[PDB]
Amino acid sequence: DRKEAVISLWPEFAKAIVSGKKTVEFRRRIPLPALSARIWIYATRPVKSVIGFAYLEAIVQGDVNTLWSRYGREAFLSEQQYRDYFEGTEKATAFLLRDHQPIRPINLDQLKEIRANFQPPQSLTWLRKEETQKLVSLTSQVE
């Protein structure tokens, strides 16, 4: 079961996902969540918090050039940032996201209380079902 995952992004991109501006997330060799998985968004420093989530509506696997042409507009990052991220490979994975949901940020200390040695994932981290319950139990509307 892979219905609940956390990924890290720099705060401008994280905020773009939870606001619905960024509906495509590009990745390089990442484990695949089950369809309609909830993808939690950890925004990196200085935010250092889970700031919301979105749902995985589709997974695309393709070449880097064509994926930029087809989905780059929904991905928010610049073409240079994209090509830098994919330097040295011609393969690319695109997560297509829907139903973005901002929340009051959940800080790194709370995440550590949930999982004692939580670290911002470099690719993705699965949530255990109890972890998912504790996290959901912390969720609130943005202030």
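Each residue number is its position in the shown sequence, starting from 1.
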item: Between the two ranges 119-127 and 8-16, the one averaging a larger CA B factor in the entry; value: 119-127
item: Given 80-88 and 110-118, the range whose Cα B-factors average higher in the PDB entry; value: 110-118
item: Residue with maximal Cα B-factor (values as given in the PDB entry) among 98, 45, 38, 29; value: 29
item: Chain-relative CA temperature factor third for residue 67; value: lowest
item: Third of chain Cα B-factors occupied by residue 75; value: middle
item: CA B-factor placement of residue 51, once the chain's modelled residues are sorted into thirds; value: lowest
item: Residue 60 - Cα temperature factor, lowest/middle/highest third of chain; value: lowest
item: Among modelled residues of the same chain, the CA temperature factor third for residue 94; value: middle
